[PDB]
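Consider the single chain below, provided in structure tokens and representing the form deposited in one PDB entry.
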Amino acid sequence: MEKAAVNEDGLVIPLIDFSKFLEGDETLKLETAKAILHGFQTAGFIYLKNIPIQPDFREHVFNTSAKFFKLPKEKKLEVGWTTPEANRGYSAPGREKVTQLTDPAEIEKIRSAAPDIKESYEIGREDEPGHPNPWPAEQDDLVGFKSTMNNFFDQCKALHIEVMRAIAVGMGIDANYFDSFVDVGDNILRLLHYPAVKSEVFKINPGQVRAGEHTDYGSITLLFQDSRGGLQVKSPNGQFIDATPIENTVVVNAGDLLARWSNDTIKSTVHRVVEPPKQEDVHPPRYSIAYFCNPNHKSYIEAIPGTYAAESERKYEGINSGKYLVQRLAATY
């Protein structure tokens, strides 16, 4: 019913008014839920507008994130990312080093490699046994950092549950089917800062990007982006298409676990972040926030009802959600 957020090269990413799922009469609620599902089943991406998270709070959260990344290099490494099983803390991709152990076939590539021009900080739920968040010190500009981000984590946690309900309603299964699979909130709030960079850097280092192509791992990802642009989604014809920023929208995409969970009725689509499409000498800083939603780590993941007719259509063996994720997170090391 809304004009598509993206409509190019066979890639159609719908723009959906989420308040119509939450506040509509039964007919409108079903129409919206079906629009949401259909978006996931085709593009694997949707844009939501009029979500319960408020614009001025989102802007406060973006300012708060920007204050963290202005912190000195040493203060950010203090709260550094440790292990894949914690998946919490600060990181910036380093350049790989040639060493005595390295194979000479790889040396030409290692020297030419260009790491993503980004830095990140990841926050998990506060009360996970054995995995506390490495919070920075609450002083000067970072007073309120914790309470703000925990607040935002819980609002995104609520939105996750609501988007899965829309998926359930659109599938015509029990509206609350996913609740017990996602109620723990084993999610990851990834704050991202892509620093100001000269456009010539992308010519000097050919193949250089802001974020490498990938699929996300979990159920869904709530992606809040600023107005800079650069996010691209891969079309059915194999081309990366610009996911244009639209004010007060959240870009929502399915991850590999939901794809598998859905018996591949829902798509998990390749995406990346390159230079903004506009031509300029210097690209200003880009801020985004990726809230990775996952099934409960304890959840066992096998085909959702109504995603297959005969058992022979089930493409995948059952897996534990938690184990799967750590394998994805630990693979690159």
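Residues carry their position along the shown sequence, with the first being 1. Basically, rigid core = biggest C-alpha set you can superpose within 1.5 Å across the two forms.
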* Give yes or no for this: do at least a third of the other compared entries, each modelling residues before and after residue 112, lack coordinates for it? => yes
* Structure fact -> As the entry reports it, the stretch among 158-166 and 105-113 with higher mean C-alpha B factor is 105-113
* Read off the CA B-factors in the entry, average them over 121-129 and over 230-238, and name the higher stretch. => 121-129
* Top residue by Cα temperature factor, when 216, 85, 140, 179 are compared in the entry -> 140
* To do: Select one of 260, 190, 203, 193: the residue whose C-alpha shows the highest B-factor in the crystal structure entry.
  => 203
* Asked: Is the Cα B-factor recorded for residue 47 in the lowest, middle or highest third of its chain?
  -> lowest
* To do: State the tercile, meaning the lowest, middle or highest third, of residue 152 with respect to the CA B-factors recorded for its chain.
  => middle
* Structure fact -> Chain-relative C-alpha B factor for residue 247 (record values, thirds): the middle
* **Where the record places residue 183 (Cα B-factor, split into thirds across the chain)** => middle
* Structure fact -> Here the Cα B-factor of residue 255, set against its chain, lands in the third termed lowest
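Missing here is the form deposited in another entry; even so, the following discussion is about that form.
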* Core-fitted Cα difference of 2 Å or more between the shown form and the other one, single residue among 237, 176, 227, 83 -> 83
* Asked: Hey, does residue 97 budge by 2 Å or more at the Cα between the shown form and the other one once the core is superposed?
  -> yes
